[PDB]
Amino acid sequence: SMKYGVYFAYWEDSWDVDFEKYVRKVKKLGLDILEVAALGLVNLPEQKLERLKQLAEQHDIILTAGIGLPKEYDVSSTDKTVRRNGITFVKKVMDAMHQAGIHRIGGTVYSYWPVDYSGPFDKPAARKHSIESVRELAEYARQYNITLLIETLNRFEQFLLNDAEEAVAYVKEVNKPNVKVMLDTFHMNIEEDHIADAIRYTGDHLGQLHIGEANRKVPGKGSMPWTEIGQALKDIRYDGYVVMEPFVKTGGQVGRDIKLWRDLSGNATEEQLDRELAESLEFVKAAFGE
């Protein structure tokens, strides 16, 4: 059956924060998974990586990692120095993941994010470098039983993989057993003709699903077709990870990277965000036919 998570960034204005409080929180909320930022792991002291692994084991919580590579670590760059620096950086992230007991890394691990359209790009050249880089990283990942999740993003955030057709073509070309597609309701809602059809199309390639409303509020506060999404997951016999990715806070690096320029929380306290996420999880489980 499916396992449910949340991204810690629901509560935070920064990517690089302590994650321990969120392991205890997701256990209290009856979630199966905490997704953490790779940027909070890569330079974390060894003792704190071990403490995070032990706390997750104590609470029987699965940890996953999210990443959007910065421009200086663009593994799709036509600049060999940038490409190599990005590969060095993701290998360090994977080393830290291993110490924290983390096996899944998803997001823009295959290019840079958020994309900057102020300068030119070469989509074919970037795609070719991206595939070569991801194959090298997939091979490195095997020693730690790590899976790479290639996220399909809207046109404003990236240019390489904007729909399930492009992401499936890319992942089939990469041709590595530990490289899979990640779909995201926010992104699918912009680029797909029909969200449930995109999930069915992706099928066996779907390694993880991010969920949120169209404006990234918690599920139940918007208009997403939750029953149709649930049916599509049944149609492909999905028993994988469903991670809530709500972004309702303006400010900090998180608000600037997600481009949220107004409060969507009604100035909610942390306690109110907890209550709304619990309500949302019950709503999602009901819509998905749990």
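Sequential numbering from 1, following the sequence displayed.
Trainee: Take the C-alpha B-factors listed in the entry for 106-114 and for 119-127, compute each mean, and give the stretch with the larger one.
Mentor: Per the PDB entry, the higher value belongs to 119-127.
Trainee: Mean CA B-factor: is it higher for 75-83 or for 147-155?
Mentor: Result of the comparison: 75-83.
Trainee: Using the entry's values, work out which of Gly222, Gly255, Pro225, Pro246 has the largest Cα B factor.
Mentor: Answer, based on the entry's C-alpha B-factors: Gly255.
Trainee: What's the residue among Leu39, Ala232, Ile33, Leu69 with the greatest CA temperature factor in the PDB record?
Mentor: Most elevated C-alpha B-factor of the set, per the entry: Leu39.
Trainee: Pull the Cα B-factor of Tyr7 out of the PDB entry and bin it into the chain's lowest, middle or highest third.
Mentor: As the PDB entry reports it, the C-alpha B-factor of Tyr7 lands in the lowest third of its chain.
Trainee: Lowest, middle or highest third of the chain for the C-alpha temperature factor of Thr64?
Mentor: According to the entry, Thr64 has a C-alpha B-factor in the chain's lowest third.
Trainee: Lowest, middle or highest third: where is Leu264 by C-alpha B factor in its chain?
Mentor: For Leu264, the deposited C-alpha B-factor lands in the middle third.
Trainee: Would the CA B-factor of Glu166 place it in the lowest, middle or highest third of its chain?
Mentor: Answer is middle: the recorded C-alpha B-factor places it there.
Trainee: Can you tell me which third, lowest, middle or highest, the CA B-factor of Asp204 falls into for its chain?
Mentor: Within its chain, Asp204 is a highest-third residue by C-alpha B-factor, going by the deposited values.
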